[PDB]
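Quick setup: one chain, the form deposited in one PDB entry, written in structure tokens, and binding and motion questions come after.
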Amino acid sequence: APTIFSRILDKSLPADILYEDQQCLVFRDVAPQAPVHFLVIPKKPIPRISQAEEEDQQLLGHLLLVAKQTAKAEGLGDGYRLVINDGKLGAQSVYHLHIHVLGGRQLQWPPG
């Protein structure tokens, strides 16, 4: 069952960790799509946003607040984009919930 994020969480795969607390971990994407590209993940292994439930409300808000404070720390004041992919049509790579945060270039429209 475990995805590659389990190695990031258990620190067996070195990552550039920007923030950690008991609920979440933030690290740089190693296949970046922007000059700044990091991932915010829960420690609870929710596989996808479609499988989050009411009990996850607080955690989901926490992930968004951590995303925006990390964006400020990474100097994304002129703007950035948050992306959550669900399933195959969403292009979800890894079946552990993650928020992409992209900045440092102009992001285009549509968003894929």
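Note that residue numbering follows the sequence shown and begins at 1.
There is another form of this protein, the form solved in complex with a small molecule, and it is not shown here; the text below is about that form.
Peer 1: Does any part of residue 85 reach within 4.5 Å of the small molecule in the deposited bound form? Heavy atoms only, please.
Peer 2: Yes, contact at 4.5 Å.
Peer 1: Does any heavy atom of residue 39 come within 4.5 Å of a heavy atom of the small molecule in the deposited bound form?
Peer 2: Judged by the heavy-atom cut-off of 4.5 Å, residue 39 is in contact with the small molecule in the deposited bound form.
Peer 1: Find out whether any non-hydrogen atom of residue 23 is located within 4.5 angstroms of the small molecule in the deposited bound form, and reply yes or no.
Peer 2: No, residue 23 stays farther than 4.5 Å from the small molecule in the deposited bound form.
Peer 1: Evaluate residue 30 for contact with the small molecule in the deposited bound form, applying a 4.5 angstroms cut-off between non-hydrogen atoms, and reply yes or no.
Peer 2: Heavy-atom contact with the small molecule at 4.5 Å: present for residue 30.
Peer 1: Quick one: 9, 64 and 72 and the small molecule in the deposited bound form, is every residue within 4.5 Å by at least one heavy atom?
Peer 2: No, the whole trio is out of contact, none within 4.5 Å by any heavy atom.
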